[PDB]
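Undergrad: Provide a 3D model corresponding to the input given below.
(chains A, B, C, D, E, F, G and H)
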Amino acid sequence: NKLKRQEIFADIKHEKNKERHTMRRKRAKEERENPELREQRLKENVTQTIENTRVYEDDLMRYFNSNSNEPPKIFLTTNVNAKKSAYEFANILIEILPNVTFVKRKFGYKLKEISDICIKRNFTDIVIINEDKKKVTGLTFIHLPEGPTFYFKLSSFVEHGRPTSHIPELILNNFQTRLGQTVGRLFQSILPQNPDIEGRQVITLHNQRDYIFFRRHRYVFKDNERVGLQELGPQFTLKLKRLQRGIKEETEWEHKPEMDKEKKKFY
Amino acid sequence: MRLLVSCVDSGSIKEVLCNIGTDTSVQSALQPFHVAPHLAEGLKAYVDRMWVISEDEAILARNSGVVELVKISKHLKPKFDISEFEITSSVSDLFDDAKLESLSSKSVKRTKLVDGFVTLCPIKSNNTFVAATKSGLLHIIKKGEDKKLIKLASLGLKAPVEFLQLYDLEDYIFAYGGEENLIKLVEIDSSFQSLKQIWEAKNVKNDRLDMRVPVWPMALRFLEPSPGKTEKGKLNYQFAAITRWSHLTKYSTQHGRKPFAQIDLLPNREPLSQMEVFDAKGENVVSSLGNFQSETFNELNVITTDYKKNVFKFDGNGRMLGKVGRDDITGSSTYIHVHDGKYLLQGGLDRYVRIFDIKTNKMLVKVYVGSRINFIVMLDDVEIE
Amino acid sequence: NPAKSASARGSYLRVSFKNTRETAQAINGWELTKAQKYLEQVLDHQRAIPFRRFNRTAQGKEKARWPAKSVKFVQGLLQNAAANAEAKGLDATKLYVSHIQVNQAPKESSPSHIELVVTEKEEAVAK
Amino acid sequence: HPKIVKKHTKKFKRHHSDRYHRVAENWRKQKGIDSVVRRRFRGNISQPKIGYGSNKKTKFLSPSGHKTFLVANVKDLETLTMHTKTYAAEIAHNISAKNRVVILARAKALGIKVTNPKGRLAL
Amino acid sequence: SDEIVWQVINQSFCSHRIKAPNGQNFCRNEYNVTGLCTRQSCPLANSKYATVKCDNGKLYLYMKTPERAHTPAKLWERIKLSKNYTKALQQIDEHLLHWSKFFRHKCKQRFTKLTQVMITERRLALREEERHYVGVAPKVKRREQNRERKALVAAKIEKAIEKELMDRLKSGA
Amino acid sequence: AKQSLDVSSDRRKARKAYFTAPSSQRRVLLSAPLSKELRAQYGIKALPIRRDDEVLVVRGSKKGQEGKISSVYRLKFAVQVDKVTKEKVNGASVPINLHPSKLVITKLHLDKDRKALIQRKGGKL
RNA sequence: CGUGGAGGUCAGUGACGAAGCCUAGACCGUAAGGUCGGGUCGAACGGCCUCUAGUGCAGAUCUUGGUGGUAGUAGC
RNA sequence: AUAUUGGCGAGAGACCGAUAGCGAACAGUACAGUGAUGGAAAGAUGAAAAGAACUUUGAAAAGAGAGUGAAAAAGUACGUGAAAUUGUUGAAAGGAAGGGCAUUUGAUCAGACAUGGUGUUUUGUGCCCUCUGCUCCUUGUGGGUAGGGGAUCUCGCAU
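TA: Numbers count the residues shown, from 1 in each chain, chains lettered A, B, ... in the order given. Shown next is the protein structure:
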């Protein structure tokens, strides 16, 4: 009977809430006189957050990433039949990347041909944005020598301050895992490597589970040993994909839809 | 058991000592007894091929173009023991990148194509080994009375060369091939100073679209000579090869130059390679080098790996028997090799050393090495007390 | 932005829907501390809550009333939101009620659901 | 092809379809004799009639000049091989994305125009 | 006979007919030159018929005669079309000698269309299109949208940035 | 197709009978196939399951798990397997309900009644 | 034109998402309506020849269920 | 042999589908009438409760974190959530509004992974030339399939 079931549980929940509130009040009142008991109870009760329940080379860096000895030239292009949104995103790419050259897609020069031309021009990396609708959906980065590349999915693209001409400071967070630090190294070698702290410009990459948040802010310190920050325009989140490890050959970590069931391990 | 793992990133040989059931991904799971690097030379001169002459002496080859003889020693360190490696002699300057560089143009897609050791196995008792390179240079190395390696000859094969396999089934002949290079049978003079091109493969007829079928045999394994009728003029050799385009081709010199049957293993011509003959029940039906000890293709079963993540199992008719490490291999398996018919060595870009059971496909050992894996060899299957 | 805002909700309350809506409108957009002080003064009858939709005194210059019953629940919800922000470690001074809404609850008296959100004001910006 | 002259582009709406919510927008003829719409007094909504008939030479042709033809599978798609110019393949809304890519590939191979390509697909 | 069969398939629910919104009755039968289920076009309504079909790359001229109506297992004969276009057209004309002009014209049109359909080879030759059509399931979309929001909420990027900046400039200036 | 006039193929009647079947009938309902190795041994396809019977998981998220059964929930048409348990947020362990039709018996528990049933069903021991 | 059900046919559609719903989206028809683009949804539904009827709503001081001004008003 | 809307027990429906079907799918129960009598409303969580451990604000309602769960846009008010109606943000407009013909302005949506076709010139191939074969019918203006030799070669394809 629906009425019986609804009535029985409705009263049960009220009594449970009353008991919970009374117990909490009594516990707080008794702990006020016994502060140590509160500490013991807190120690005996862990919040069991998802983060707390996670389920468990210099030659490589130089060889597969740019170094300060030579600034990296990054080749920027767009997938064929691109439209206004792609160029609008490329504008931000120019505004944020150090040394970019924009070339229209020639529609027939194979990836091998593009790589050969870039080698002829001494380019360092290739970045290409791809679109399906009038929106950016994915971004790719490839290094010329030895062809280490990464493919990133793009979501939640949102256009409040005006960035200055100063090079923002680079900060990376939560890249402890071996796979994560590879993307961290890619970002550290693709973005400018020469800070100009004067001007208080900062660029931050923050991964939490699998998505990395890229944002820009102005940071000003106060006497309270704390720093306030203000949004500097665009919002950006990316998802690593296909981990090719080559130009297109020998994929190493390519994601599959069958994953994410474990709810953990935060690749 | 004891295993040696080649680490391309660190350019060192890693000795893995662990029992069956080892899993480094779980703290409570059995952990390897010892895993340390040996003879580190960096990613610039990483080991490319390895062959275990014996449990005390081994010969290693590096992508730098140098083959080094390694002396193995043991010292004690529960109650198990670990090995140490010392290099006694080496031969260098075997690579010639000019040939590969001249062939870089018109290739599907790749870099300058730096040369590398494709095969390294004894020619014969005589401590004579043949070294093959992607540039097509075939070098002969013999162990002298003083144990120092000496180069006897430097033969030349049609480049590019992707594989080389000797015909050890007496019942010296070997076959090689590469990108847009049909398989050619080569006979070696007893003095190793000359090579004769006895037979060459032929491409199959065009497909529905009339497009020429590309030729790119990645691996080859020989079978016993065809029994019964043996017409003269034609040779008597049986072998099968796996191409990048997923086409499983079986060759019979008695039948003719063209393969008698071609089977598409995967749709869309999925990149396939590493054709290793294996027994469905784990029997050692493969010769010392790996050739199948049979004269029929119906009993042939081969393990092949795609370039994305999977390790495929195929029979003699191209039927997929299943997958190995489907839910555990997250990356391309750069190296796969059947050991003793029952153990399947697995390694690649995932940085995890895996040992699978051919009988049941169960994952027996899982060891994390950090660096990428390109070659694995097992020294002993004994379990540490 | 959830990282800079806190929320507090009260459902199935028995306060009059019209009076609660008027109180919420009279308090929408005010600073948290200023809103609390205004509610406290209203409880003291020093200031009146305007009734602009569901309806003459000098207090209405800033047509007004003193819905003490509704104001009690409004200030309780504001205190709950402040506690939530403190748990989130937000700056109470910069907090201001950016969103406040009243929704009719299932039917007798006319209960309603009240939810409010507080956001930190942006400041301390320079080249 | 002949110009696609649309005699009445505006969608016909039932009288008082917006004054009362209980009246659906679907057209329905007024039956009352006193109804002004039935007598088509000046200023009232236009009443559908035989005059607005579209010409046969352009009837059912989309602005692109290709007639719509629902396609359920490759077998249905292959029927438009001899009528690619006059007919275009339209994928049904119930077709799963799994078969949509295959259908689009065959349409491109045969050169059949697709009215709603890329539906449910991502690049 | 043909007339009885024709009228029965026309007015008595031919199984392979398709009704387009425009009002044209189509014909998905594989053995028809035209996909329209009109007279002298549907193979079932005509004893004599001719059509072009292909299984492999080779194109074949398929035709049937009353000699094989009683034996459906051998109803249709085929001949290699000599895929050279100029030779193929003359071969088709010679094979269809004395046949109705409608059949000859339809067969020639079908053969020409099938020959020019080889554009698939052109696109196959011009491969390496990197768009890589990908289908997104509703369940997959839900996972990313909600879990991304949860990760953003839990991350608290501003606090982490402030902590990193404080720890960096403590001994970095 | 059914030929007997005394048996009805009505969906409603069958559904009512299945849900209202008594525990005695539910015992027959909760049958589990024997392993291929055991089938050759005893020459029997399936037998009713019981507490001490050891079963293997062939379907569901717990595929490949095995353990001794601990309870046969006839009311819920489910059976429990030792070591196959869920982990709640509070740490309490609750056995996961499994259907016998999705499990394979690996080791039967032998009693006089079970031995008699094996002989009755054409088996051998 | 549209709907409940039935005979036949699409070796039909569909967990890689069927029906329904929403949609300042588009296409088709003179219209009953059909179709496709995007969001929730979850497991059945449809292209066509016939048969069948408890088959189509704007009102009947129409029935059930739900919600507004009256009104925070009369009043307590 | 004949009737059978009661009883027991069975096989079925071109029948209806929680405002239908018996009034009752969870009832002749609650309920109203001194009484004979009348007489309802109410189905579905989730695979399984795995039913929100734990921290935190509240005398009390339930909130905020946190997590379980395919999904909580399934939280026992639980398979899906439209109108009438109500509150917030934004746009617009102001003793009325509503619709039709034509258009400006504001906002906003579509707007070809079309990248071809033709004749000519190198080179490599095959179903192309030549030699030697096998195979299905019937017998035919055929089909299928092999082993040796080359670029007389544009018969097609790729450059």
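Undergrad: Are we agreed that residue B:70 is in a helix?
TA: No - residue state for residue B:70 (DSSP: H, G, I helix; E, B strand; the rest coil) corresponds to strand; a helix is not indicated.
Undergrad: roughly how far apart are it and chain E?
TA: Note on residue B:70: its distance to chain E, by C-beta to the nearest C-beta, to the nearest Å, is 43 Å. All C-beta atoms are positioned from the backbone trio N, CA, C, and that covers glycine.
Undergrad: isn't that residue right next to residue B:59, touching?
TA: Yes - taking contact to mean C-beta atoms under 8 Å, the distance of 7.1 Å between residue B:70 and residue B:59 places them in contact.
Undergrad: Does the strand or helix carrying residue F:80 reach RNA strand H?
TA: Taking DSSP states H and E as the definition, one finds residue F:80 inside strand F:78-81. No - under the criterion of C-beta under 7 Å from any atom of the strand, RNA strand H is not reached by strand F:78-81; the shortest gap measures 7.7 Å.
Undergrad: helix or strand right after that strand?
TA: Scanning forward in sequence from strand F:78-81 by DSSP H and E, the next helix or strand is strand F:85-87.
Undergrad: helices or strands up against that following strand?
TA: Packing partners of strand F:85-87 (3 or more C-beta pairs under 8 Å, 6 or more residues apart in numbering or on different chains; DSSP states H and E): strand F:93-95.
Undergrad: Contacts (any at all) between chain A and the strand it packs on?
TA: No - judged by C-beta under 8 Å from any C-beta of the partner chain, strand F:93-95 makes no contact with chain A; its nearest approach is 16.0 Å.
Undergrad: mind listing what's buried in that strand?
TA: Going by neighbour count (16 or more other C-beta atoms under 10 Å in any protein chain shown), the buried part of strand F:93-95 is residue F:95.
Undergrad: how distant is it from the center of its chain?
TA: Taking C-alpha atoms, centre = their mean, to the nearest Å, one finds strand F:93-95 lying 19 Å from the centre of the chain it belongs to.
Undergrad: Next up, phi/psi of residue 111, please.
TA: By default, I'm working from chain A. phi -60, psi -40 (degrees, to the nearest 10).
Undergrad: Tell me where chain D has helices.
TA: All helices of chain D, identified by DSSP state H, fall at D:74-77, D:97-110.
Undergrad: does any bit of the first one sit next to chain B?
TA: Think helix D:74-77. No - for helix D:74-77 and chain B, the contact criterion (C-beta under 8 Å from any C-beta) is not met; the two come no nearer than 15.7 Å.
Undergrad: ok, and for that helix, which residues are buried?
TA: D:76-77.
Undergrad: Can I get that helix as PDB, trimmed to CA atoms?
TA: These are the backbone C-alpha positions of helix D:74-77, laid out as PDB (Å, rounded to 0.1, in the frame of the first residue of the first chain):
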ATOM      1  CA  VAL D  74      22.300   0.700 -46.800                       C
ATOM      2  CA  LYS D  75      19.800  -1.300 -48.800                       C
ATOM      3  CA  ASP D  76      17.400   1.700 -48.900                       C
ATOM      4  CA  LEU D  77      20.300   4.100 -49.600                       C
END
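Undergrad: re earlier: adding distance to residue A:252, write the helices of chain D out as JSON lines.
TA: Output for those, formatted as JSON lines (distance: least, C-beta to C-beta, whole Å):
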{"stretch": "helix D:74-77", "distance to residue A:252": "36"}
{"stretch": "helix D:97-110", "distance to residue A:252": "26"}
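Undergrad: Please list all residues in contact with residue 123.
TA: Answering for chain A, as no chain was given. Contacts of residue A:123 were listed using C-beta atoms under 8 Å, 6 or more residues apart in numbering or on different chains, and they are A:73-75, A:101, A:144.
Undergrad: hm, I was asking about chain D
TA: A:130-132, A:137, E:131-134.
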